[PDB]
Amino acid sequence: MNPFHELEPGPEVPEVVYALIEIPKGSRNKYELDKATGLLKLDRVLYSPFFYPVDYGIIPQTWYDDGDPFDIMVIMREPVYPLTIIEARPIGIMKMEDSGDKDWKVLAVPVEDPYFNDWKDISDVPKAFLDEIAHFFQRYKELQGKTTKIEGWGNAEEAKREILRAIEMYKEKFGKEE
């Protein structure tokens, strides 16, 4: 079953969502789910020797301003394999514009890693880690000649509100589309 159309957004939306991981932490290959088929696809190789600082993917049954599912970043100690489902607790949101599109990204922790039990909001994350994530998104497209802008971070409530918006964007798109 298609993990973008056929998985729900989460088991307890918006406090607990499913993250479908595309890119394990540590990868330079920018994988994306193929919308037509369900398979993992190489979108491109990053043009700089940078690596994704988080397990990176989508919330199923969401849509967003960049014409793709809403993006989620899960902090995993051991990275997962692509196309793994993680039950994830949103704790904040990175406010990014990407090539002119709103392209904000939920920051979340795995519900079922007790290391993160006390991580509940954006203030629980080491400041240098938030900075490292923002800096990656600030610079990783510089050699492609594409502009990104990072505004800062929102808290868990702002993240949850954005998840609800993205869920409605999917309904609107694929009530008529798929």
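Numbering starts at 1 and follows the sequence shown.
Participant: Identify the stretch, either 142-150 or 54-62, whose C-alpha atoms have the larger mean B-factor according to the entry.
Facilitator: Higher mean C-alpha B-factor: 142-150.
Participant: In the PDB record, does 5-13 or 153-161 carry the higher mean Cα temperature factor?
Facilitator: The deposited B-factors put 5-13 ahead on the C-alpha mean.
Participant: Reading the B-factor column of the entry, which of 39, 133, 42, 109 has the highest value at its C-alpha atom?
Facilitator: Spelled out: the listed residue with the top C-alpha B-factor is 39.
Participant: Which one of 114, 49, 26, 67 shows the top CA temperature factor in the record?
Facilitator: That would be 67.
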